[PDB]
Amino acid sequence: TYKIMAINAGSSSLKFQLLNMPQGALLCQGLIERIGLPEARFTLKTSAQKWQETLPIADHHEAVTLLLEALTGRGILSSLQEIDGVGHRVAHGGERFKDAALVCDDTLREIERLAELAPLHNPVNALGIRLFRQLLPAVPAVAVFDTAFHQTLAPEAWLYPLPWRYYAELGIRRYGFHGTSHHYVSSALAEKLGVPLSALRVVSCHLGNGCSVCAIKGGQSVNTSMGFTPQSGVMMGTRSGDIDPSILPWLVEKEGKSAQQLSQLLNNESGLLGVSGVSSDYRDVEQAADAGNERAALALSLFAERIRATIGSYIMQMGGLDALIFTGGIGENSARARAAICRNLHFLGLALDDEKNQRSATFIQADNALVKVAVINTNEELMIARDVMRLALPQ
């Protein structure tokens, strides 16, 4: 067995998991949040216990220090030498990274170069990589990019119909995200079916606060709904997803919106929150909808419709469908959302078993359906730990 730590560094946060590999058992997990802010908090959980303290945490360096000291201070590790590898979530690998990469000087420059494409995430992702290299110098580290799984998209799927120089000189194209989650659940589906992923045409729906759909054919991503940034594609908690682009110049002219306000509009004020007027949380919107709030009911119906439209585009592209996967916090738990998304799909041989769907069984398709419909819990940290093993510990 090996001890692999999965790290996700945010602008003011540090998420971590420590896993026993290859079995994937969780030794501990937690979150340091409001780094640099007042009310900074360090949470740490094992299977048996939870510890939580509000205390000043100036920067990510202090966050990493407190984490490493707690690993031994709580008897989780006898020593930091027990750590065999670290996997780092990186938001954007551009076209440079088609797979996870061993951390090294060139990897770090590339990730910082790509800050131009993810300004709020890639720099702190790299800071985390640097802090662990500094504080755990002897532990190999692997960068795992949320974009890499989608680097197999063909040009007619990633080119936008803008003038060519917007791609050629400015890098504007569809990248796609949730790559680690779509890779994880699609591989898990094939393992559960006992067939190679390459034999299946798969549509994968990651439905959480962020939401994305991915088409997987021949074992490779061939399309996915987020585009240039994680703002686009289907409707989400606060993100609009795709809208008529000509709305934005209209709003700049009418309301004088700045670029920053336009992004805030598209990313923080839209989606379930903007339509329902209630909440970004699917459960909250559903609760209001069942009590008669018509905007909330419309929010939920539009949410399912946008996902259905995207599934339909990708079934068309692949020439049919063998399996549909639901994952994420909504896809895993909402029998009602899955039922609305899957309704009236007899032209595909796709129908649900209501009893299986109601209990979120692993497979929820009807007895005589031609399409497998799976509810699979996504585990991005396990996926990252597997990439660490593959690239840092081939032995």
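Take the two forms, superpose them, and find the largest set of C-alpha atoms that agree within 1.5 Å; that set is the rigid core. Residue indices: 1-based, along the sequence shown.
*Asks:* Rigid core superposed, root mean square over structures and residues, which stretch has C-alphas farther from this form in 4 other deposited structures of this protein, 230-238 or 257-265?
*Replies:* It is 257-265 whose C-alphas lie farther from the shown form in 4 other deposited structures of this protein.
*Asks:* With everything overlaid on the rigid core, name the stretch, 142-150 or 248-256, whose CA atoms wander farther on average in 4 other deposited structures of this protein.
*Replies:* Greater root mean square C-alpha distance in 4 other deposited structures of this protein: 248-256.
*Asks:* Quick one: is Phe363 left out in at least a third of the other entries we compared?
*Replies:* Modelled in all the others, so no.
*Asks:* Quick one: across the other PDB entries of this protein we compared, is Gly36 left without coordinates in at least a third of them?
*Replies:* Across the compared entries, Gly36 is left out in at least a third.
*Asks:* Can you let me know which of the two, 72-80 or 302-310, has the higher average C-alpha B-factor in the entry?
*Replies:* Mean B over CA atoms: larger for 72-80.
*Asks:* Is the mean CA B factor in the deposited entry higher across 251-259 or across 210-218?
*Replies:* In the deposited entry, the stretch with the higher C-alpha B-factor mean is 251-259.
*Asks:* Highest Cα B-factor in the PDB entry belongs to which of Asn357, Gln52, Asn344, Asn333?
*Replies:* Across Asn357, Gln52, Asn344, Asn333, the entry lists the biggest C-alpha B-factor for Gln52.
*Asks:* Whose CA atom has the top B-factor in the entry, of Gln151, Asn223, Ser198, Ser240?
*Replies:* Of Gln151, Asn223, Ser198, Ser240, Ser198 has the highest C-alpha B-factor.
*Asks:* Should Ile7 be placed in the lowest, middle or highest third of its chain by the C-alpha B factor in the entry?
*Replies:* Its C-alpha B-factor belongs to the lowest third of this chain's values.
*Asks:* Would you check the entry's CA temperature factor for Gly328 and let me know if it's in the chain's lowest, middle or highest third?
*Replies:* Its C-alpha B-factor, which the entry lists for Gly328, ranks in the lowest third among residues of this chain.
*Asks:* Lowest, middle or highest third: which one holds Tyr160 when the chain's residues are ordered by CA B-factor from the entry?
*Replies:* Its C-alpha B-factor, which the entry lists for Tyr160, ranks in the middle third among residues of this chain.
*Asks:* Using only modelled residues of the chain, where does the Cα B factor of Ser276 rank: lowest third, middle third or highest third?
*Replies:* Its C-alpha B-factor belongs to the middle third of this chain's values.
*Asks:* State the tercile, meaning the lowest, middle or highest third, of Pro56 with respect to the CA B-factors recorded for its chain.
*Replies:* Highest third - that is where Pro56 ends up once the chain's C-alpha B-factors are sorted.
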